[PDB]
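One structure coming up, written as structure tokens, with questions to follow.
Labels for the chains are A, B, C, D, E, F and G, by order of writing; each one numbers its residues from 1.
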Amino acid sequence: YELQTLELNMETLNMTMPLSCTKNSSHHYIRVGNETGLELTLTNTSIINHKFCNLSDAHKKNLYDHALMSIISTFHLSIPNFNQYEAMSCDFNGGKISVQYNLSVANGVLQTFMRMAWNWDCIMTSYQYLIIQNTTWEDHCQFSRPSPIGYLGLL
Amino acid sequence: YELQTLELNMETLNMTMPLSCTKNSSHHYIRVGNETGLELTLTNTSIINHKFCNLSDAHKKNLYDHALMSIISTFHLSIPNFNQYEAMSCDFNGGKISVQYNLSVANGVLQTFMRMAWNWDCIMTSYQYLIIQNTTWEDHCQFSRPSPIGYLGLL
Amino acid sequence: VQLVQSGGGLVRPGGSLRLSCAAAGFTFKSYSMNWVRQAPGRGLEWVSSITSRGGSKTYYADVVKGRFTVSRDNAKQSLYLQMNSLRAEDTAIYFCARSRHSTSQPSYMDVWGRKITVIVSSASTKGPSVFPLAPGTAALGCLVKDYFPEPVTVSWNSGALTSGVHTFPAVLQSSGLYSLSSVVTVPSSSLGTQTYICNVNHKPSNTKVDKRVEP
Amino acid sequence: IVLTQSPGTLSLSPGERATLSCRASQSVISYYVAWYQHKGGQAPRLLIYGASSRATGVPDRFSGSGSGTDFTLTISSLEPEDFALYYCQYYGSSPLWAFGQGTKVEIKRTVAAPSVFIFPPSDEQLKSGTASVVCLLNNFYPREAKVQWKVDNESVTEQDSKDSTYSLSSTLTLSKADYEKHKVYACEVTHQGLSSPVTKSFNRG
Amino acid sequence: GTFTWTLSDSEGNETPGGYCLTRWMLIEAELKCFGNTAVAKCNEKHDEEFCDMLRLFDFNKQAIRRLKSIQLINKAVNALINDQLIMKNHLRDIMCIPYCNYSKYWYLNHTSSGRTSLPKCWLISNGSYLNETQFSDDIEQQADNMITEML
Amino acid sequence: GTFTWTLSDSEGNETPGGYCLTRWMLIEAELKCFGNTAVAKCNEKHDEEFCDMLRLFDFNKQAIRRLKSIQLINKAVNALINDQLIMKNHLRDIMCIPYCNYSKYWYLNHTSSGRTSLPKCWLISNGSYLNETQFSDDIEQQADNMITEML
Amino acid sequence: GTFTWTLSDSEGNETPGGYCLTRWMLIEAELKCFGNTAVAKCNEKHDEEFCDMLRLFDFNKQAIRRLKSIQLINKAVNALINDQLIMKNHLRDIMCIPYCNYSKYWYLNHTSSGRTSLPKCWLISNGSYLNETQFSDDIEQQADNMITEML
């Protein structure tokens, strides 16, 4: 005869499953492990201008963090279709991680955004570049509490 | 209200589905049809020294038994994170069958064996080679009663 | 959740006894029950088992088969352990515990109970006798002999001196009566200064004997 | 099943790690193995249920491992209230509840010299019925001690928190008419700290 | 997805439905036929294993007769069984927990009526089988609904 | 496929079944435990959005202890959850309809008995939650069920 | 996976549940309204053909109304329907057994009450629709349910 509400904390499921949260439509957060963190930032500018990258040696050079490559691999695979030209590029020199996508096609990447940190048409955003970067702990989860369904559904 | 037990015989499900059984920790028997047979073994010795082997002519020759190659097809397809680089020691000259690999990456193939006939870390067996062979209708299936769900799990 | 119960005590050889384990605070029928004893000095021993809300499968220890019966009543939620033809090896402390036995849950007794003393004896309680043990640093003692298994309190100088006093727990005897010795150690200076009196108070028969041990 | 613990008694001080071993004979299913704690007055607790698991209200100083016929219970750090009896338990086989024999963990210290005393009977004990003589040792360590009685050449308390050092008594008993035979009686006690045996005797009168 | 196959019944059956295992698919046993009511619980629960074996037996029985390779099951592996039972048992095995090897089962029979329960498979652990006592409550919990089956 | 996992239960529970939820994965609350009767309904419904979270909690609880990467959940995701719920809520949100984000839940407590019912979840739309009145009938509908629980 | 879609309900319906077919949805017929009691059995079954068709009809209504290519169903097909029914019917057709084809259905109408039954689908076999007596017992089997519906 009495109504009650409970809100679940999704922070305990830390390492068993990656998590994700939202500050603003510019950048999305991914956390894996105890501390490992990735930013998915929308920006009109380009921070790297190298013209050649490839994925075979990225897993072949074998000195990387192998628990991290998986999320960007599933991001690369889950996009519906892809242009023959490799507009997207990557760079992992020095151990760092940098994956850039030249938005300026966008339909698939925008639905991937709608799912990773979660009418139907090809409306595009005014931003022109996606940057995929390493980050520190800092704080990206304050407006909305983090959840694991941003990654479970796209597996 | 009394208790009873019954034990199913998987021998009848003979030709509809492949069957598999175990002798010891390094031996596996695969049977399809009525007389054909495959041996899956772990052994420290190399046999085939031919470093060149392609899979296109394997299905292109068409002189092979087309109801058998599918099982080893699913076997090398189900293994995860396979590099497709080298060490593929396949051989089918004269119509025969032979597949072997180096174990010295092995985590995936050992998990494959554990699934195909039945903690979690990168277990390193001391054996160095995996042998695929044709065989005759012997009495391998004696240590444990053969079951078909080993193949169902992989599929 | 906890189990409350009572029972046990002194029973003459050849009698009959009943152990009751009452239950409160959980769904009784959905659990299995165990009766386990602990003899003085050794490890725990099985006594009996019973399964869940069928009363069907019953198991007893290999040693004590036959003289025991175990049953469970769901209406009053009580474990009843009926003991017949008592022997001389039943003196121990009993626990009544509960555990479930399925696929998902491993086996463990979690909600235990209260220990229950059980003792068998031929004679009744008979008041002990107090003996003196007067001798850099020396020691003096009070001994009590011809003593019943029930607990007693023995004290020096009405409890004024509570430092360096050792009371020895009763130990297995031959005749069938316990006994115990207490010793207190003091330096040479304190000798002959403070009056020391051995006091024994024993609840069965309420024997309160106070003997002033002096030369 | 024959199920035993090892070692019989452990002596260690807080700060380091310690291990206890449980061994059986028949093949052991790891999923039905429990580890139990038994202190003085309180009812026994459930330290671990499962081969390597955790209880609801247990500190993180405990861990378990093993397989086959070997079980290792490891405590990485100690506590002032972690010295009592331990047990390893298996469900099934014969009988259904296979409790272990026993284990005990104590504190380590250097050797100490016992204080010895001998108490002979008195003249009033003709009313006692049977003569008794008490050979008493106090404040000795370690547990290894042997007591014997000689003609013409048991009781123990618990380890105390304040001192952690043991006591021992021997109550030699002789029938009244049997005592008037001899006149000199000795009790001797030996322990590893004192290699040379020390024997003390008394003369009737 | 979800399994969709159905029981084909027999000719000499005493009831309209209900499978009856024959002599050739059992070890050291005769032919036994279960009641229709017990089989009626297969098409309404996803946490049972014996009905998967019955579905495979039926599929093979129709395959041998009504048709004269192995792509028949590659195309129909899902329609018969549930892969998540395989996955769940594999996860139980990899965590060193009792699991089910799909080989032998235990059921509960009635001396007079013959009404039987749906068998659940016997559990193993590292090449060693269990005893009856280790899952005693299971053996009795089903017994309870037997009384409830009288209602 | 179909979810197949089972609930582990806990030592020291009022009843054999029933999942008790601790205080390390809640917000502004201590540990909270549900009745076995409410737990009995997860293994029979597919549209419930709550029991998936209990299954994920139990999987993590049993993966932290009896182990020592992330591929485990890659292999177990289907056996744990139902991706069709994710797709259903995605298609419902893309059509601008209130949808459940699996963040907070409402249940019908009972003051004395404590027989809490299985919670559905609060919905959301464009970042704003709802109000108690907007799903009034829902709040009442489950109430009817509890009356039938008296039977 | 499992189907997860729901019912959109109507405005003038007597009962909150239930789905009313339109005249422009049938052939040589009028609009028909099914009771909520009958349609309450779609969410608790997996071997029916009518409820999948209703799910597709609901999805079509919502898609044409609340939006303005074909990838929508390319992504929602698993949610709306169950491919295992397609596999089952295809296997029954390849082995030459009478089978359903999602074209025409049959149900029972109680004239006075107005309560209906879930329409199980008709059967075809190699270009010839079945004749009524062939599945006679089924036509009366569901009839027995109406007796049990009196309770």
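The definition used in the following text is that contacts are C-beta pairs under 8 Å (C-beta built on N, C-alpha and C of every residue); 3 or more make two chains touch, one makes a residue touch a chain.
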{"item": "Chain pair showing more contacts of the two, D-E and B-F", "value": "D-E"}
{"item": "Far-end chain from chain A, centres as C-alpha averages", "value": "C"}
{"item": "Most centrally placed chain, judged by C-alpha centres", "value": "F"}
{"item": "Approximate Å spacing (C-alpha centroids) for the pair chain E, chain F", "value": "30"}
{"item": "Where chain B and chain C are represented by their mean Cα positions, the distance between them in whole Å", "value": "65"}
{"item": "Chain B-chain D separation of Cα centroids, rounded to whole Å", "value": "58"}
{"item": "Multi-partner residues of chain A (at least 2 other chains)", "value": "119-120"}
{"item": "Numbers and ranges of chain G residues touching at least 2 other chains", "value": "1-2, 66-67, 72"}
{"item": "Touching two or more other chains - residue numbers and ranges from chain C", "value": "30, 59, 100-101, 107-108, 110"}
{"item": "Chain F-touching residues of chain G, taken from the complex the two chains share", "value": "1-6, 43, 62, 66-67, 72, 75-76, 78-79"}
{"item": "Residue ranges of chain B in contact with chain E within the complex", "value": "1-10, 12-13, 15-18, 32, 66-67, 70, 115, 118-120, 145, 147-149, 152-153, 155"}
{"item": "Residues of chain F that touch chain G when the two form their complex", "value": "1-2, 46-47, 82-85, 87-88, 91, 95-96"}
{"item": "In the complex with chain G, residue positions of chain A that touch it", "value": "80, 119-120"}
{"item": "Residues on chain E engaged by chain D in the complex (per definition of touch)", "value": "96-98, 125-126, 128, 130-131, 133-134"}
